[PDB]
Structures are given as structure tokens and as C-alpha cells.
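Undergrad:
Residue numbers (the UniProt record's numbering): 1 to 41, 44 to 56, 61 to 129, 137 to 148.
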């Protein structure tokens with residue numbers, strides 16, 4: 001979904017897309033698409051794959071959908087690690103197991119006590142626990 005990209009990222013992508021291309025239609029050549037992607041801040047193989055995925063004309067929603075998959079993963083991983091490690095103040099990232107289970111059962115969402123016990127039995138660093146729960 002396109003809702004993963006923030007408003008600032010969408011605005012910057014639109015600004016670069018409009019600045020690279022001249023006045024007229026938003027269609028941009030595949031080589032020009034790669035040049036604009038390089039000007040916006044990837045490998046040659048990734049650029050070729052993105053050009054083949056999207061004649062030779064690329065419009066704005068196509069560029070947004072292509073960049074969302076590349077910008078979502080690392081940002082989500084970093085945000086998850088930072089948010090999981092934000093509770094404890096020790097700085098090491100490995101909080102108490104009982105405290106982590108109590109925080110997961112009391113705050114977060116709506117889950118039964120049996121489900122929390124099963125998740126604790128299936129499960137300690139915060140980022141490691143988040144990555145294990147995501148998988």
C-alpha cells in the first residue's frame with residue numbers, strides 16, 4: 001500500500017520527479033528514470051530491474071510504487087528496533103523477560119492471558142524479540 005510512505009518522503013519524491021523532467025507530460029524514459037533515481041539520492047542491476055518492471063514511459067504513481075518497496079523495509083526495521091529498545095533505560099537493549107511479558111500483556115493491543123503466556127513460552138534483546146515475533 002502507498003500509505004506506508006510518509007508525507008515528507010512523498011513530497012521529496014514529487015519534487016525530484018518534477019525537477020528532473022522538463023515542462024510537459026510526466027512520462028520519463030527508463031534511462032532518464034534511472035538518472036532521476038540517482039539524482040534523488044542504487045545498483046545498476048536494481049535500476050535495470052525497476053526499469054523493466056515499469061513505450062519507455064514512467065509516471066508518478068509508478069515511481070511511488072517502485073520507491074515504496076525500497077524505502078519501507080529498512081525504515082520499518084530501524085523504527086521497530088528503536089521503539090522496542092525505547093522502554094528500557096539500560097542502553098544494552100536486553101530487558102527483563104518477565105517485565106517484557108508484562109508490558110506486552112498490559113500495553114500494546116488486546117490479547118488474552120493464555121495467548122501472552124504462549125508467546126512468552128515460544129520466545137532477551139528488544140530488537141531480537143521484535144524480529145523473532147515478526148518472523
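Ideal Cβ positions, reconstructed from N, Cα and C, are used throughout, including at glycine.
So, are the CB atoms of residue 13 and residue 69 less than 9 Å apart?
TA: To locate residue 13, count along the chain shown from 1; it is residue 13. To locate residue 69, count along the chain shown from 1; it is residue 63. Yes, the Cβ-Cβ distance between residue 13 and residue 69 is below 9 Å.
Undergrad: Can you tell me whether residue 62 is buried or exposed, with buried defined as 16 or more other CB within 10 angstroms of its CB?
TA: Working through the chain shown from its first residue, we reach residue 62 at position 56. By the 10 Å Cβ count, residue 62 comes out exposed.
Undergrad: Kindly identify the DSSP beta-bridge partner or partners of residue 138.
TA: In the chain shown, the residue the question calls residue 138 occupies position 125. DSSP, once it has assigned bridges, lists 100 as partnering residue 138.
Undergrad: Do you know whose CA, among 66, 30, 39, lies nearest residue 51's CA?
TA: What you label residue 51 is simply residue 49 of the chain shown in a count that begins at 1. Among 66, 30, 39, the Cα nearest to that of residue 51 is on 30.
Undergrad: Closest to residue 107 by C-alpha separation, out of 121, 55, 92, 86, would be which residue?
TA: Mapped onto the chain shown, residue 107 falls at position 101. Minimum Cα distance to residue 107 is reached at 121.
Undergrad: Considering Cα atoms alone, identify which of 114, 119, 94, 124 is closest to residue 139.
TA: The sequence position of residue 139 within the chain shown is 126, counting from 1. Answer by Cα proximity: 94.
Undergrad: Quick one, which of 104, 39, 6, 23 has its alpha-carbon nearest residue 75's?
TA: Residue numbering aside, residue 75 sits at position 69 when the chain shown is read from its first letter. Residue 75 has its Cα closest to that of 6, out of 104, 39, 6, 23.
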